[PDB]
Structure formats: C-alpha cells, structure tokens
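Okay, entry-v1.cif now, which holds mmCIF, N, CA and C atoms and all ligand atoms:
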data_model
loop_
_atom_site.label_atom_id
_atom_site.label_comp_id
_atom_site.auth_asym_id
_atom_site.auth_seq_id
_atom_site.Cartn_x
_atom_site.Cartn_y
_atom_site.Cartn_z
N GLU A 1 130.93 102.34 106.20
CA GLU A 1 130.60 103.13 104.97
C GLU A 1 131.18 102.50 103.72
N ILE A 2 130.42 102.59 102.64
CA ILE A 2 130.81 102.04 101.34
C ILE A 2 130.62 103.13 100.29
N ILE A 3 131.70 103.44 99.57
CA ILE A 3 131.75 104.61 98.70
C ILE A 3 131.41 104.18 97.29
N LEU A 4 130.38 104.79 96.72
CA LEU A 4 129.94 104.44 95.38
C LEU A 4 130.45 105.46 94.41
N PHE A 5 130.72 106.65 94.93
CA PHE A 5 131.27 107.72 94.15
C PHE A 5 131.82 108.84 95.04
N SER A 6 133.02 109.32 94.70
CA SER A 6 133.53 110.63 95.15
C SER A 6 134.28 111.28 93.99
N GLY A 7 134.24 112.61 93.95
CA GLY A 7 134.68 113.38 92.78
C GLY A 7 133.85 114.64 92.65
N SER A 8 133.47 115.00 91.43
CA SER A 8 132.60 116.15 91.20
C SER A 8 131.94 115.98 89.85
N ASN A 9 130.69 115.48 89.87
CA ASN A 9 129.83 115.40 88.68
C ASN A 9 128.77 116.49 88.73
N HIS A 10 128.69 117.26 87.64
CA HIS A 10 127.65 118.24 87.47
C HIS A 10 126.59 117.72 86.50
N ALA A 11 125.33 118.05 86.79
CA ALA A 11 124.24 117.78 85.88
C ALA A 11 123.31 118.99 85.81
N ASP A 12 122.96 119.34 84.58
CA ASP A 12 122.06 120.45 84.31
C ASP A 12 120.70 119.88 83.96
N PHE A 13 119.64 120.57 84.39
CA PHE A 13 118.29 120.11 84.10
C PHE A 13 117.30 121.20 84.42
N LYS A 14 116.68 121.75 83.38
CA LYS A 14 115.85 122.95 83.53
C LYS A 14 114.42 122.59 83.77
N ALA A 15 113.99 121.50 83.12
CA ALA A 15 112.56 121.19 83.04
C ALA A 15 112.26 119.78 82.50
N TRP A 16 111.18 119.21 82.99
CA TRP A 16 110.66 117.97 82.42
C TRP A 16 110.01 118.30 81.08
N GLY A 17 109.60 117.28 80.35
CA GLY A 17 108.89 117.48 79.08
C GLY A 17 109.76 117.38 77.84
N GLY A 18 111.07 117.50 78.02
CA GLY A 18 112.05 117.28 76.95
C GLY A 18 112.42 115.81 76.79
N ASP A 19 113.59 115.56 76.21
CA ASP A 19 114.05 114.19 75.89
C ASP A 19 114.84 113.52 77.05
N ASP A 20 115.74 114.28 77.69
CA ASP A 20 116.72 113.74 78.65
C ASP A 20 116.51 114.31 80.03
N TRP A 21 116.31 113.42 80.99
CA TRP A 21 116.51 113.75 82.39
C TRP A 21 117.83 113.13 82.87
N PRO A 22 118.90 113.94 83.00
CA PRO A 22 120.18 113.30 83.32
C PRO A 22 120.43 113.07 84.81
N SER A 23 121.34 112.16 85.07
CA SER A 23 121.81 111.80 86.38
C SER A 23 123.12 112.51 86.73
N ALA A 24 123.24 112.97 87.99
CA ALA A 24 124.52 113.36 88.60
C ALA A 24 125.33 112.14 89.04
N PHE A 25 124.63 111.03 89.28
CA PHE A 25 125.26 109.73 89.53
C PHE A 25 124.26 108.67 89.13
N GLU A 26 124.73 107.63 88.48
CA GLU A 26 123.89 106.49 88.21
C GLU A 26 124.71 105.20 88.00
N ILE A 27 124.07 104.05 88.24
CA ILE A 27 124.67 102.74 88.04
C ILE A 27 123.60 101.75 87.55
N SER A 28 124.02 100.77 86.74
CA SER A 28 123.16 99.71 86.21
C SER A 28 123.60 98.34 86.77
N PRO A 29 123.02 97.94 87.93
CA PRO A 29 123.48 96.81 88.75
C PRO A 29 123.34 95.41 88.14
N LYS A 30 122.72 95.33 86.99
CA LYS A 30 122.65 94.11 86.26
C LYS A 30 123.96 93.87 85.53
N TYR A 31 124.73 94.93 85.32
CA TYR A 31 125.97 94.86 84.54
C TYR A 31 127.20 95.31 85.33
N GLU A 32 127.07 96.41 86.06
CA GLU A 32 128.19 97.04 86.78
C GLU A 32 128.25 96.50 88.21
N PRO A 33 129.46 96.30 88.71
CA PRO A 33 129.57 95.76 90.06
C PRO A 33 129.30 96.87 91.09
N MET A 34 128.73 96.51 92.23
CA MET A 34 128.74 97.43 93.36
C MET A 34 128.84 96.69 94.68
N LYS A 35 129.64 97.28 95.58
CA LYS A 35 129.89 96.69 96.89
C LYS A 35 128.65 96.81 97.78
N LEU A 36 127.74 97.72 97.45
CA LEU A 36 126.55 97.89 98.27
C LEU A 36 125.60 96.73 98.07
N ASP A 37 125.18 96.16 99.21
CA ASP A 37 124.36 94.95 99.28
C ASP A 37 122.93 95.32 99.70
N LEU A 38 122.03 95.37 98.73
CA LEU A 38 120.69 95.93 98.93
C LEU A 38 119.78 95.07 99.78
N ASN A 39 120.16 93.81 100.03
CA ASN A 39 119.42 92.94 100.97
C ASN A 39 119.70 93.23 102.42
N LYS A 40 120.81 93.90 102.72
CA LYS A 40 121.04 94.38 104.09
C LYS A 40 120.22 95.64 104.35
N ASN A 41 120.13 96.05 105.60
CA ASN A 41 119.46 97.28 105.88
C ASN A 41 120.37 98.51 105.70
N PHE A 42 119.99 99.45 104.85
CA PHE A 42 120.91 100.51 104.47
C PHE A 42 120.30 101.88 104.34
N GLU A 43 121.19 102.85 104.27
CA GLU A 43 120.86 104.22 103.96
C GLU A 43 121.80 104.69 102.89
N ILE A 44 121.32 105.60 102.04
CA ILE A 44 122.17 106.14 100.98
C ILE A 44 122.32 107.61 101.29
N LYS A 45 123.56 108.08 101.29
CA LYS A 45 123.88 109.48 101.60
C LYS A 45 124.55 110.09 100.37
N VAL A 46 124.16 111.31 100.06
CA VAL A 46 124.71 112.01 98.92
C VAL A 46 125.13 113.43 99.33
N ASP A 47 126.41 113.77 99.13
CA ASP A 47 126.89 115.15 99.33
C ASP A 47 126.69 115.88 98.04
N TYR A 48 126.06 117.04 98.14
CA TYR A 48 125.69 117.74 96.95
C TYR A 48 125.50 119.21 97.20
N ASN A 49 125.56 119.96 96.11
CA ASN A 49 125.30 121.39 96.13
C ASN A 49 124.42 121.78 94.93
N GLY A 50 123.43 122.64 95.17
CA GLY A 50 122.58 123.15 94.08
C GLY A 50 121.11 122.76 94.11
N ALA A 51 120.61 122.26 92.99
CA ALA A 51 119.21 121.85 92.88
C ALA A 51 118.88 120.77 93.93
N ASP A 52 117.60 120.67 94.30
CA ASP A 52 117.14 119.55 95.11
C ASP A 52 117.24 118.32 94.25
N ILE A 53 117.43 117.19 94.92
CA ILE A 53 117.66 115.93 94.23
C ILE A 53 116.67 114.83 94.62
N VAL A 54 116.55 113.82 93.75
CA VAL A 54 115.81 112.62 94.08
C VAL A 54 116.65 111.40 93.85
N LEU A 55 116.33 110.34 94.59
CA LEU A 55 116.94 109.03 94.37
C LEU A 55 115.96 108.19 93.56
N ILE A 56 116.42 107.55 92.48
CA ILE A 56 115.56 106.65 91.67
C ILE A 56 116.03 105.19 91.66
N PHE A 57 115.11 104.26 91.92
CA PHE A 57 115.24 102.84 91.60
C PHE A 57 114.22 102.51 90.50
N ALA A 58 114.61 101.79 89.44
CA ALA A 58 113.71 101.46 88.34
C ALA A 58 113.96 100.06 87.80
N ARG A 59 112.85 99.40 87.47
CA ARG A 59 112.86 98.10 86.85
C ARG A 59 112.04 98.27 85.58
N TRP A 60 112.71 98.15 84.44
CA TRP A 60 112.09 98.46 83.17
C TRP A 60 110.93 97.56 82.78
N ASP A 61 110.90 96.31 83.23
CA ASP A 61 109.85 95.36 82.77
C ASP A 61 108.60 95.24 83.66
N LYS A 62 108.59 95.90 84.81
CA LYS A 62 107.36 96.02 85.61
C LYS A 62 106.91 97.46 85.53
N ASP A 63 107.60 98.24 84.71
CA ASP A 63 107.37 99.67 84.64
C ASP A 63 107.49 100.36 85.98
N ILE A 64 108.41 99.91 86.83
CA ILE A 64 108.57 100.56 88.15
C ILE A 64 109.53 101.73 88.06
N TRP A 65 109.13 102.88 88.62
CA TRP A 65 109.99 104.05 88.76
C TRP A 65 109.81 104.60 90.16
N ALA A 66 110.54 104.07 91.13
CA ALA A 66 110.47 104.56 92.53
C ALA A 66 111.32 105.78 92.61
N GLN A 67 110.74 106.89 93.03
CA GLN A 67 111.40 108.18 93.07
C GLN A 67 111.21 108.76 94.45
N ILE A 68 112.30 109.07 95.15
CA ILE A 68 112.30 109.35 96.59
C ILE A 68 112.93 110.69 96.86
N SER A 69 112.29 111.46 97.74
CA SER A 69 112.87 112.69 98.26
C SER A 69 113.68 112.37 99.49
N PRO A 70 114.69 113.19 99.80
CA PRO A 70 115.52 112.85 100.95
C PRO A 70 114.69 112.75 102.23
N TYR A 71 115.02 111.77 103.06
CA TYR A 71 114.54 111.67 104.43
C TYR A 71 114.86 112.91 105.21
N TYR A 72 116.09 113.41 105.04
CA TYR A 72 116.45 114.75 105.52
C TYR A 72 117.70 115.27 104.80
N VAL A 73 117.98 116.56 105.02
CA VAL A 73 119.15 117.24 104.48
C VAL A 73 119.77 118.17 105.53
N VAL A 74 121.02 117.88 105.88
CA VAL A 74 121.78 118.69 106.81
C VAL A 74 123.19 118.85 106.24
N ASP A 75 123.77 120.06 106.37
CA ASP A 75 125.16 120.29 105.95
C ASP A 75 125.49 119.84 104.52
N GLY A 76 124.58 120.10 103.58
CA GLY A 76 124.75 119.66 102.19
C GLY A 76 124.89 118.16 101.94
N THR A 77 124.38 117.35 102.87
CA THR A 77 124.27 115.90 102.70
C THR A 77 122.81 115.41 102.77
N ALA A 78 122.37 114.77 101.69
CA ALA A 78 121.03 114.16 101.57
C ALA A 78 121.06 112.73 102.09
N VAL A 79 119.99 112.32 102.79
CA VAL A 79 119.86 110.92 103.25
C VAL A 79 118.56 110.23 102.79
N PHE A 80 118.73 109.03 102.24
CA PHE A 80 117.64 108.21 101.73
C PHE A 80 117.72 106.87 102.44
N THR A 81 116.59 106.38 102.97
CA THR A 81 116.55 105.09 103.70
C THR A 81 115.94 103.96 102.86
N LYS A 82 116.34 102.74 103.18
CA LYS A 82 115.79 101.55 102.55
C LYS A 82 114.28 101.50 102.66
N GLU A 83 113.79 101.81 103.86
CA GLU A 83 112.36 101.83 104.13
C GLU A 83 111.61 102.73 103.14
N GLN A 84 112.10 103.96 102.92
CA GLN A 84 111.53 104.88 101.89
C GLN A 84 111.54 104.30 100.46
N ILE A 85 112.68 103.78 100.07
CA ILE A 85 112.85 103.23 98.72
C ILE A 85 111.84 102.10 98.51
N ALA A 86 111.89 101.11 99.39
CA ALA A 86 110.90 100.02 99.47
C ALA A 86 109.46 100.48 99.28
N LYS A 87 109.05 101.48 100.04
CA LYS A 87 107.69 101.96 99.97
C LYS A 87 107.37 102.48 98.56
N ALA A 88 108.28 103.26 97.99
CA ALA A 88 108.10 103.77 96.63
C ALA A 88 108.17 102.66 95.56
N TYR A 89 108.99 101.64 95.81
CA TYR A 89 109.26 100.55 94.84
C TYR A 89 108.14 99.50 94.77
N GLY A 90 107.34 99.45 95.84
CA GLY A 90 106.29 98.47 96.00
C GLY A 90 106.66 97.32 96.91
N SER A 91 107.93 97.26 97.31
CA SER A 91 108.49 96.04 97.89
C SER A 91 109.91 96.28 98.38
N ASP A 92 110.34 95.48 99.35
CA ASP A 92 111.71 95.55 99.84
C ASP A 92 112.59 94.45 99.26
N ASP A 93 112.06 93.70 98.28
CA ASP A 93 112.84 92.80 97.44
C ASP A 93 113.19 93.46 96.10
N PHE A 94 114.49 93.69 95.91
CA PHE A 94 115.01 94.41 94.75
C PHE A 94 115.56 93.52 93.63
N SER A 95 115.28 92.22 93.66
CA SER A 95 115.68 91.36 92.53
C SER A 95 115.04 91.90 91.28
N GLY A 96 115.77 91.91 90.16
CA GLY A 96 115.23 92.39 88.87
C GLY A 96 115.55 93.86 88.63
N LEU A 97 115.80 94.59 89.71
CA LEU A 97 116.23 95.99 89.66
C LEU A 97 117.22 96.29 88.55
N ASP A 98 116.98 97.37 87.80
CA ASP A 98 117.77 97.69 86.59
C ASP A 98 118.64 98.93 86.80
N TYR A 99 118.21 99.86 87.65
CA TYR A 99 118.67 101.26 87.57
C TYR A 99 118.59 101.91 88.93
N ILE A 100 119.70 102.54 89.33
CA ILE A 100 119.75 103.45 90.47
C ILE A 100 120.42 104.75 90.01
N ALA A 101 119.81 105.89 90.34
CA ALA A 101 120.32 107.17 89.89
C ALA A 101 120.01 108.22 90.87
N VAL A 102 120.92 109.19 91.00
CA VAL A 102 120.66 110.47 91.66
C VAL A 102 120.46 111.53 90.57
N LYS A 103 119.30 112.19 90.59
CA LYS A 103 118.91 113.16 89.55
C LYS A 103 118.48 114.45 90.22
N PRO A 104 118.81 115.58 89.59
CA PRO A 104 118.26 116.85 90.02
C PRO A 104 116.80 117.01 89.55
N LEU A 105 116.04 117.74 90.36
CA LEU A 105 114.79 118.37 89.97
C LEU A 105 115.07 119.66 89.18
N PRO A 106 114.07 120.13 88.41
CA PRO A 106 114.19 121.34 87.58
C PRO A 106 114.71 122.56 88.28
N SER A 107 115.77 123.15 87.72
CA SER A 107 116.33 124.41 88.23
C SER A 107 117.24 125.08 87.19
N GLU A 108 117.60 126.33 87.46
CA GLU A 108 118.48 127.09 86.56
C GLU A 108 119.97 126.63 86.52
N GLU A 109 120.60 126.49 87.69
CA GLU A 109 122.05 126.18 87.77
C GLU A 109 122.43 124.68 87.83
N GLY A 110 121.46 123.76 87.85
CA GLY A 110 121.74 122.30 87.98
C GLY A 110 122.24 121.87 89.37
N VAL A 111 122.96 120.75 89.41
CA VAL A 111 123.46 120.20 90.67
C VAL A 111 124.84 119.63 90.50
N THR A 112 125.63 119.73 91.56
CA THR A 112 126.97 119.15 91.60
C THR A 112 126.99 118.11 92.71
N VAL A 113 127.45 116.91 92.39
CA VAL A 113 127.57 115.86 93.42
C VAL A 113 129.02 115.44 93.65
N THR A 114 129.46 115.56 94.91
CA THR A 114 130.83 115.25 95.35
C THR A 114 131.01 113.86 95.92
N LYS A 115 129.94 113.26 96.43
CA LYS A 115 130.02 111.94 97.05
C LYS A 115 128.67 111.18 97.15
N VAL A 116 128.72 109.87 96.95
CA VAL A 116 127.56 109.01 97.12
C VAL A 116 128.04 107.78 97.85
N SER A 117 127.39 107.48 98.97
CA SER A 117 127.79 106.35 99.76
C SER A 117 126.59 105.63 100.31
N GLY A 118 126.82 104.39 100.74
CA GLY A 118 125.84 103.62 101.49
C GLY A 118 126.37 103.18 102.84
N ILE A 119 125.46 103.10 103.82
CA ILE A 119 125.76 102.76 105.22
C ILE A 119 124.84 101.62 105.70
N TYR A 120 125.36 100.72 106.50
CA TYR A 120 124.57 99.60 106.99
C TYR A 120 124.10 99.91 108.41
N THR A 121 122.85 99.57 108.70
CA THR A 121 122.22 99.93 109.98
C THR A 121 121.82 98.72 110.84
N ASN A 122 121.68 98.95 112.17
CA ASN A 122 121.25 97.95 113.19
C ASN A 122 119.92 98.33 113.80
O1 LIG B 201 112.33 100.69 79.04
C1 LIG B 201 112.77 101.97 78.64
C2 LIG B 201 114.00 102.31 79.48
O2 LIG B 201 115.12 101.61 78.93
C3 LIG B 201 116.41 102.14 79.24
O3 LIG B 201 117.38 101.51 78.41
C4 LIG B 201 116.49 103.64 78.99
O4 LIG B 201 117.80 104.08 79.33
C5 LIG B 201 115.48 104.37 79.85
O5 LIG B 201 115.59 105.76 79.55
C6 LIG B 201 114.10 103.84 79.52
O6 LIG B 201 113.13 104.15 80.50
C7 LIG B 201 112.53 105.44 80.43
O7 LIG B 201 113.33 106.42 81.06
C8 LIG B 201 112.72 107.70 80.94
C9 LIG B 201 113.70 108.66 81.63
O8 LIG B 201 115.00 108.35 81.11
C10 LIG B 201 115.97 109.07 81.88
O9 LIG B 201 116.28 108.29 83.01
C11 LIG B 201 116.72 106.98 82.60
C12 LIG B 201 118.03 107.08 81.81
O10 LIG B 201 118.41 105.76 81.35
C13 LIG B 201 117.88 108.02 80.62
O11 LIG B 201 119.18 108.27 80.10
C14 LIG B 201 117.23 109.34 81.07
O12 LIG B 201 116.93 110.21 79.96
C15 LIG B 201 111.32 107.71 81.58
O13 LIG B 201 110.61 108.92 81.32
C16 LIG B 201 110.62 109.74 82.48
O14 LIG B 201 109.82 109.08 83.46
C17 LIG B 201 109.77 109.84 84.68
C18 LIG B 201 108.95 109.06 85.72
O15 LIG B 201 107.57 108.94 85.36
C19 LIG B 201 107.31 107.72 84.64
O16 LIG B 201 107.39 106.56 85.49
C20 LIG B 201 106.54 106.70 86.64
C21 LIG B 201 105.09 106.85 86.19
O17 LIG B 201 104.25 107.02 87.34
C22 LIG B 201 104.90 108.01 85.21
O18 LIG B 201 103.57 108.04 84.69
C23 LIG B 201 105.90 107.83 84.07
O19 LIG B 201 105.79 108.95 83.20
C24 LIG B 201 109.24 111.25 84.49
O20 LIG B 201 109.42 111.92 85.74
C25 LIG B 201 108.26 112.60 86.23
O21 LIG B 201 108.10 113.88 85.62
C26 LIG B 201 106.88 114.50 86.06
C27 LIG B 201 106.63 115.77 85.25
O22 LIG B 201 106.69 115.48 83.83
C28 LIG B 201 105.38 115.24 83.27
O23 LIG B 201 104.58 116.45 83.21
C29 LIG B 201 105.13 117.44 82.34
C30 LIG B 201 105.31 116.89 80.92
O24 LIG B 201 105.86 117.91 80.08
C31 LIG B 201 106.23 115.67 80.94
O25 LIG B 201 106.38 115.16 79.61
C32 LIG B 201 105.57 114.64 81.87
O26 LIG B 201 106.37 113.49 81.96
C33 LIG B 201 106.97 114.84 87.54
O27 LIG B 201 105.73 115.38 88.01
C34 LIG B 201 107.31 113.59 88.33
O28 LIG B 201 107.67 114.02 89.65
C35 LIG B 201 108.47 112.82 87.71
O29 LIG B 201 108.69 111.55 88.30
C36 LIG B 201 110.00 111.99 83.37
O30 LIG B 201 109.36 113.25 83.07
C37 LIG B 201 110.07 111.12 82.13
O31 LIG B 201 110.91 111.80 81.18
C38 LIG B 201 110.46 106.66 80.96
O32 LIG B 201 109.16 106.69 81.57
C39 LIG B 201 111.19 105.37 81.16
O33 LIG B 201 110.42 104.38 80.50
#

Would it be possible to restate this file's structure as structure tokens?
Amino acid sequence: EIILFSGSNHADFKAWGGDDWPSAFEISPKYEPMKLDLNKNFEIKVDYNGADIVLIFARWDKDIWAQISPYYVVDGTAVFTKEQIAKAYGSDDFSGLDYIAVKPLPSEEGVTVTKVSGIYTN
C-alpha cells in the first residue's frame, strides 16, 4: 500500500452548472511528486463518508476528462481499478496526464475523505 492522503478533507458541492466543482483530494503529477507508479497495475482506494464520489484523470490538451464511478463500495471504502480508468481515459498510457482528483457528486451535506491510497496487483 502507498498512502497519497490521510487526514480529513471536506468538500461541499450542491450542483453542477456553477463555477467550481471542488475536490476532496487532488494532485497535479506534472509538478507534485507521488510515490504511486501509474505504469504498474494498480487500484485506488478511498475512505470516505457522505456524497457519492468519482475519480477523475484529465489531460488538458487532448480535452480528456475520464470520470469513473467506484468498482465497488464496502465499509465506507471506494475502489477504482486501472482497467476502469484506462477505459474512461481512452488508453492505459497516462503520459501527458495533468490531473487526478476525488470529487463528490451533487448533494446537500458534501463529502469527507479520511484516506486515499494506491495498491499494486498481480
Ligand atoms: O484547460 C482548462 C483547465 O485548466 C486548469 O488549469 C484548470 O484548473 C481547469 O479547471 C481547467 O479545465 C476545466 O475544468 C473544469 C472543472 O474544473 C474543476 O475541476 C478542475 C479543477 O482544476 C478546478 O479547480 C475545478 O473547478 C471543467 O468543467 C467541468 O467539466 C466536467 C466534465 O465535462 C467536461 O469534460 C468532459 C466532456 O465530455 C464534457 O462535455 C465537458 O463539459 C463537467 O462535469 C460533468 O457535469 C455534467 C452535468 O453538468 C452539465 O449539465 C448541467 C449544466 O448546468 C452544466 O453547466 C453542464 O456542464 C454531468 O452530467 C457529468 O457527469 C459531469 O462529468 C462539469 O460540469 C464542468 O464544470 C472544464 O471542462 C475543464 O476544461
């Protein structure tokens, strides 16, 4: 396991159509370091409470916005697989990738995220 975040980030988000869709967690891998190696086979797990969430990968210059629903949710932990991300992204090659974020879908009380990690698979 590789920990990308633990703590408690809250994000509020009532509706699309406004100016800001905020992240409960996000990183910009062109600038910020991360131990997670996207060329290996991986899963991303997020511990959370509240609104349903999506995982986003985005590349600003191909206009790519891969947006993924959890593979499953048990015990307040969401799981996202490489295979899912790839399918949404168009490809399993992530060179050029600009943006990874965990975002809530529209709701009244928002979402709280306590942990974000990645796991390597065989
Ligand atoms: O190159 C610009 C890029 O540079 C960065 O520096 C900047 O930080 C980025 O913000 C910016 O990219 C633009 O980001 C916004 C969202 O920005 C948020 O996330 C990134 C953060 O950096 C920033 O701080 C945040 O505020 C994008 O707009 C959002 O796009 C998504 C996804 O949809 C877009 O891409 C996929 C394509 O298929 C779509 O056609 C395209 O719009 C939207 O999410 C979708 O929302 C709809 C419902 O909303 C729609 O219907 C209702 C209407 O009122 C609303 O206006 C409509 O959009 C859902 O059905 C989908 O499920 C969901 O995916 C967001 O709504 C939209 O705000 C820019 O597109 C991106 O260029």

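Among A:4, A:27, A:51, A:36, the residue with the shortest atom-to-atom distance to residue 106 (chain A), counting all atoms listed in the file, is A:51.
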
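For residue 81 (chain A), the set of protein, DNA and RNA residues having any atom at most 6 Å away, when counting all atoms listed in the file and skipping those fewer than 6 positions along the same chain, is residues 42, 43, 44 and 71 of chain A.
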
Dump of N, CA and C atoms for the selected residues, as a short mmCIF file (atom, residue, chain, number, x, y, z; two decimals), keeping the file's coordinate frame:
data_model
loop_
_atom_site.label_atom_id
_atom_site.label_comp_id
_atom_site.auth_asym_id
_atom_site.auth_seq_id
_atom_site.Cartn_x
_atom_site.Cartn_y
_atom_site.Cartn_z
N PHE A 42 119.99 99.45 104.85
CA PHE A 42 120.91 100.51 104.47
C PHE A 42 120.30 101.88 104.34
N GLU A 43 121.19 102.85 104.27
CA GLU A 43 120.86 104.22 103.96
C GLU A 43 121.80 104.69 102.89
N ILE A 44 121.32 105.60 102.04
CA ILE A 44 122.17 106.14 100.98
C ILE A 44 122.32 107.61 101.29
N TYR A 71 115.02 111.77 103.06
CA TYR A 71 114.54 111.67 104.43
C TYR A 71 114.86 112.91 105.21
#

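Around ligand LIG 201 (chain B), using only C-alpha atoms and all ligand atoms and a cut-off of 7 Å, the residues in contact are residues 16, 17, 18, 19, 20, 21, 22, 60, 61, 63, 64, 65 and 67 of chain A.
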
Write the residues of the preceding selection, restricted to N, CA and C atoms, as a PDB file, in the frame of the given file.
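Printed below is result08.pdb as written:
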ATOM      1  N   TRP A  16     111.180 119.210  82.990  1.00  0.00           N
ATOM      2  CA  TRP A  16     110.660 117.970  82.420  1.00  0.00           C
ATOM      3  C   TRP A  16     110.010 118.300  81.080  1.00  0.00           C
ATOM      4  N   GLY A  17     109.600 117.280  80.350  1.00  0.00           N
ATOM      5  CA  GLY A  17     108.890 117.480  79.080  1.00  0.00           C
ATOM      6  C   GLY A  17     109.760 117.380  77.840  1.00  0.00           C
ATOM      7  N   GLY A  18     111.070 117.500  78.020  1.00  0.00           N
ATOM      8  CA  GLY A  18     112.050 117.280  76.950  1.00  0.00           C
ATOM      9  C   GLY A  18     112.420 115.810  76.790  1.00  0.00           C
ATOM     10  N   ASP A  19     113.590 115.560  76.210  1.00  0.00           N
ATOM     11  CA  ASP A  19     114.050 114.190  75.890  1.00  0.00           C
ATOM     12  C   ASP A  19     114.840 113.520  77.050  1.00  0.00           C
ATOM     13  N   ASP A  20     115.740 114.280  77.690  1.00  0.00           N
ATOM     14  CA  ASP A  20     116.720 113.740  78.650  1.00  0.00           C
ATOM     15  C   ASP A  20     116.510 114.310  80.030  1.00  0.00           C
ATOM     16  N   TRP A  21     116.310 113.420  80.990  1.00  0.00           N
ATOM     17  CA  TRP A  21     116.510 113.750  82.390  1.00  0.00           C
ATOM     18  C   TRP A  21     117.830 113.130  82.870  1.00  0.00           C
ATOM     19  N   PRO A  22     118.900 113.940  83.000  1.00  0.00           N
ATOM     20  CA  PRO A  22     120.180 113.300  83.320  1.00  0.00           C
ATOM     21  C   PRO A  22     120.430 113.070  84.810  1.00  0.00           C
ATOM     22  N   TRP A  60     112.710  98.150  84.440  1.00  0.00           N
ATOM     23  CA  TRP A  60     112.090  98.460  83.170  1.00  0.00           C
ATOM     24  C   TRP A  60     110.930  97.560  82.780  1.00  0.00           C
ATOM     25  N   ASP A  61     110.900  96.310  83.230  1.00  0.00           N
ATOM     26  CA  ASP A  61     109.850  95.360  82.770  1.00  0.00           C
ATOM     27  C   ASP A  61     108.600  95.240  83.660  1.00  0.00           C
ATOM     28  N   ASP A  63     107.600  98.240  84.710  1.00  0.00           N
ATOM     29  CA  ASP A  63     107.370  99.670  84.640  1.00  0.00           C
ATOM     30  C   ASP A  63     107.490 100.360  85.980  1.00  0.00           C
ATOM     31  N   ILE A  64     108.410  99.910  86.830  1.00  0.00           N
ATOM     32  CA  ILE A  64     108.570 100.560  88.150  1.00  0.00           C
ATOM     33  C   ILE A  64     109.530 101.730  88.060  1.00  0.00           C
ATOM     34  N   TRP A  65     109.130 102.880  88.620  1.00  0.00           N
ATOM     35  CA  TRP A  65     109.990 104.050  88.760  1.00  0.00           C
ATOM     36  C   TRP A  65     109.810 104.600  90.160  1.00  0.00           C
ATOM     37  N   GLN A  67     110.740 106.890  93.030  1.00  0.00           N
ATOM     38  CA  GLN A  67     111.400 108.180  93.070  1.00  0.00           C
ATOM     39  C   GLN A  67     111.210 108.760  94.450  1.00  0.00           C
TER      40      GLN A  67
END

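Picture a line from CA of residue 97 (chain A) to CA of residue 23 (chain A); it runs 17.1 Å.
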
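The smallest atom-to-atom distance between residue 68 (chain A) and any of A:33, A:104, A:96, A:50, using only C-alpha atoms, is found for A:104.
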
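Here CA of residue 119 (chain A) stands at a distance of 19.9 Å from CA of residue 91 (chain A).
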
Can you list, as a ChimeraX atom specification, all residues belonging to region 34-118 of chain A that DSSP tags as strand (DSSP E or B)? /A:42-50,53-59,64-68,72-74,77-81,99-104,111-118
